[PDB]
Amino acid sequence: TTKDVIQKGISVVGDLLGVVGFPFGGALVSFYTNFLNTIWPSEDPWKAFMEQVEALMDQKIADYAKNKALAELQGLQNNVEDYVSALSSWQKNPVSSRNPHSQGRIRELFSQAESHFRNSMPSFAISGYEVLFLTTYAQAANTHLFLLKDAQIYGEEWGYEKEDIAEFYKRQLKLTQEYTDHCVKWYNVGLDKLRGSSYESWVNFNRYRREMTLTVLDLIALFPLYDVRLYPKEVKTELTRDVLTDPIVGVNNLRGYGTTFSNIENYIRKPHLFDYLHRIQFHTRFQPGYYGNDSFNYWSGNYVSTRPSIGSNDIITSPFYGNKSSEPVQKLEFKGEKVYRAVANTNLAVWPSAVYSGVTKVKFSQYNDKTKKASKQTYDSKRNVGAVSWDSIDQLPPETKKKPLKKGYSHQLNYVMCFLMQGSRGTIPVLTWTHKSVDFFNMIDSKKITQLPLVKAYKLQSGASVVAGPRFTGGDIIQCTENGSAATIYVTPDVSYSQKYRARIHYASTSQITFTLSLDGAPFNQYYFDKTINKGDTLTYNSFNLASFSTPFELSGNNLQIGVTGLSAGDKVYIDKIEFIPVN
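With the entry's author numbering applied, the sequence shown corresponds to residues 61 to 644, in that order.
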């Protein structure tokens with residue numbers, strides 16, 4: 061709940077997105093030096109991660125458990141530091157320096173760090189504290205899996221036996237599964253415990269959801285990309301999930317007048333095809349002060365419009381949220397802009413037996429990618445705006461403080477929704493944000509493996525819907541219930557020459573199925589894919605398969621259609637991502 065641990069979580073994910081798949085040696089060492097200063101400088105971040113989930117759950121880890129965890133983490137910091145200085149020497153030193161003595165040294169350090177991870181991890185899963193340890197367990201599990209894949213990159217040149225390399229690989233596969241399924245199960249236990257009826261219980265529920273998304277679920281989404289055998293190239297990918305910031309209110313205690321849990325949770329955006337902020341229409345109302353001197357105008361309701369993913373410009377305008385304007389409606393246009401900060405003012409008026417508060421002003425910081433200009437747009441109530449009380453950067457800090465905010469920001473604004481306080485007491489704005497990794501163009505790299513989440517489709521067909529992701533994929537997924545075309549996604553080639561690709565798909569199916577790929581309505585790939593689950597199974601890590609199509613193709617068009625056939629009554633297919641592998 062400290063911005064510090066959240067800034068750390070957000071940085072690490074940002075840094076890891078530059079070394080997913082098979083990294084350059086340069087990039088890996090630079091990544092590791094920054095990683096050691098973020099997650100592994102001292103016991104401090106470990107204390108803060110434990111305190112984070114203790115604060116979110118209003119619960120304490122037994123002093124005994126916490127000290128044993130901190131002791132283990134100290135042993136791991138030393139082992140990781142020592143491994144990294146040897147990897148740095150290995151990477152810098154000429155190929156003609158590499159002697160059996162220095163090979164035996166780095167095998168020793170790697171084997172010791174790796175072994176220590178296996179001895180320690182149960183210390184971050186003590187029975188009854190699995191939730192309170194979740195961020196600790198996630199950040200340690202991440203380090204172990206990231207470390208393990210180095211045995212695949214360097215194992216041969218380090219003089220590991222083929223047998224040793226293979227044993228590390230099967231341990232990487234098994235622990236990817238176990239660490240993922242553990243983080244999801246215990247994320248859900250904590251989330252279910254925070255469910256209540258009150259406004260306050262919703263704010264705490266949703267804060268746990270955002271902070272655990274940033275420090276846990278966003279991390280586990282990257283685990284499979286550490287498999288440099290399946291991903292022996294750099295990877296282009298994105299996190300497609302949305303997060304909600306804390307509601308913007310002018311008081312710390314609304315005395316029971318806050319919107320009920322039910323009246324927020326059931327009305328926030330349900331899973332949907334990915335979209336972008338296009339327009340907000342601000343409605344304003346007058347809040348009289350008891351003595352007249354302290355009156356203010358406030359943000360009472362809104363419309364909001366989003367633009368679909370590349371391939372459709374049919375703007376989606378929301379229903380009306382909140383209370384209709386008494387003042388002139390203010391309209392802000394966001395076409396071509398990324399909103400990377402929102403800073404809000406609130407005011408309040410004390411009456412004899414009531415307090416009225418609302419939001420009086422919002423400054424939007426925005427970046428235009430075409431013209432490369434940072435600019436600001438402002439909603440201003442135009443009456444007695446008060447002080448700044450709310451800054452998005454306190455909840456969604458930047459990936460890096462090295463660069464300025466317009467380059468280093470983590471999230472852009474997707475949506476705005478005005479909820480009503482009980483008993484007509486006023487309006488609570490809630491903002492929804494998406495991750496900077498999301499690429500508007502769905503650009504297909506000519507050198508990297510490109511991951512295209514199907515929620516980046518502009519169109520679904522034949523009873524295909526967006527449904528909740530299983531919490532380890534970085535976003536939501538497509539459910540297909542009928543034989544036919546499912547989804548159309550527009551893709552942008554990065555090159556005009558006849559670059560060939562192979563396609564892979566990450567899916568789950570209750571049945572042997574056929575997937576058909578078409579470009580601009582012309583099929584180019586059809587293949588058989590295995591059943592992965594039984595009807596009614598709950599989706600876990602192993603419910604999904606990454607499977608290839610046979611035949612290479614060119615991008616001779618932009619409209620990629622994915623269809624599925626071979627379903628009987630009751631069959632279900634889940635499509636997460638399609639991937640493009642450049643081949644010769």
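Just so you know, even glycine gets a beta-carbon here, dropped at the ideal spot from N, CA and C.
- Around the Cβ of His161, a 10 Å sphere holds fewer than 16 other Cβ atoms; the residue is exposed.
- The same chain holds no residue with a CB closer than 6 Å to that of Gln134 once the five nearest residues on each side in sequence are set aside.
- Ranked by Cα distance from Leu620, the first of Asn594, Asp636, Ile549, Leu606 is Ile549.
- A residue is called buried when at least 16 other Cβ atoms come within 10 angstroms of its Cβ; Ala434 does not meet this threshold and is exposed.
- In this structure, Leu465 sits away from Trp493, with a CB-CB distance that is not shorter than 8 Å.
- Residues of the same chain with a CB within less than 7 Å of the CB of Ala517, apart from the 5 flanking positions on each side, are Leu333, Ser369, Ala547, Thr548, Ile549 in chain order.
- Residue pairing by DSSP places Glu114 in no beta bridge whatsoever.
- Residues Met110, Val113, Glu114, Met117, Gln119, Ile121 of the same chain have their beta carbon placed closer than 7 Å to that of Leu192, with the five preceding and five following residues left out of the count.
- Each residue's CA atom was taken as its position, placing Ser257 and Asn326 some 12 Å apart.
- Leaving aside the five residues that flank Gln151 on each side, the residues in its chain whose CB is nearer than 7 Å to its CB run, in chain order, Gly85, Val89.
- For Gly349, same chain residues with a beta-carbon under 7 Å away, outside a window of 5 residues either side, are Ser355, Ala409 in chain order.
- In the DSSP secondary-structure assignment, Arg367 is bridged to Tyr336.
- Note that the C-beta distance between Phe206 and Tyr239 is not below 8 Å.
- Taken through DSSP and simplified to helix, strand or coil, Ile573 comes out as strand.
- Across the set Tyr336, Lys222, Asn127, the C-alpha of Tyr336 shows the shortest separation from the C-alpha of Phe500.
- When the five nearest sequence neighbours on each side are left out, the beta carbons in the same chain lying within less than 7 Å of the beta carbon of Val276 are those of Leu194, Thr195, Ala198, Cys243, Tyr247, in order along the chain.
- Relative to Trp450, the option among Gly418, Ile565, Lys432 whose CA is nearest is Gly418.
- In this model, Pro292 and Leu208 are separated by some 15 Å (Cα to Cα).
- Nearest C-alpha to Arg267 among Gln455, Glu614, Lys222, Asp505: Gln455.
- Non-local C-beta neighbours of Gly81 in its own chain, meaning closer than 8 Å and more than five positions away in sequence, comprise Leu285, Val288, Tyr291, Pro292, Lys293, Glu294, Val295, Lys508, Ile509, ordered along the chain.
- Distance between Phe589 and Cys540, taken at the CA atoms: about 15 Å.
- Non-local beta-carbon contacts of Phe479 in its own chain, meaning distances under 8 Å to residues more than five positions away in sequence, involve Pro307, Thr319, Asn323, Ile324, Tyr327, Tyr381, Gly382, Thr487, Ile488, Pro489, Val490 in chain order.
- Straight-line measurement puts the Cα of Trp106 at about 40 Å from the Cα of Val445.
- Between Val624 and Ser187, the alpha-carbon positions lie close to 43 Å from each other.
- Non-local beta-carbon contacts of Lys63 in its own chain, meaning distances under 6 Å to residues more than five positions away in sequence, involve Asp454, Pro457 in chain order.
- The three-state secondary structure of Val526, taken from DSSP, is strand.
- Straight through space, the alpha carbons of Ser484 and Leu314 are spaced by roughly 13 Å.
- Taking a contact as a CB-CB distance under 8 Å, the pair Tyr587 and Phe604 does not count as one, their CB atoms being some 17 Å apart.
- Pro530 counts as buried, since no fewer than 16 other beta carbons sit within 10 angstroms of its beta carbon.
- If you check the CB distance, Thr592 and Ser608 do not come in under 8 Å.
- Note that the C-beta distance between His343 and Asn362 is below 8 Å.
- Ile375 counts as exposed, since fewer than 16 other beta carbons sit within 10 angstroms of its beta carbon.
- The three-state reading of DSSP puts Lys68 in helix, counting H, G and I together.
- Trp218 sits away from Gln172, with the two beta carbons spaced by 8 Å or more.
- Of the candidates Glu298, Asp224, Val415, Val415 places its Cα closest to the Cα of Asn312.
- Here the C-alpha atom of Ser470 lies approximately 19 Å from the C-alpha atom of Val422.
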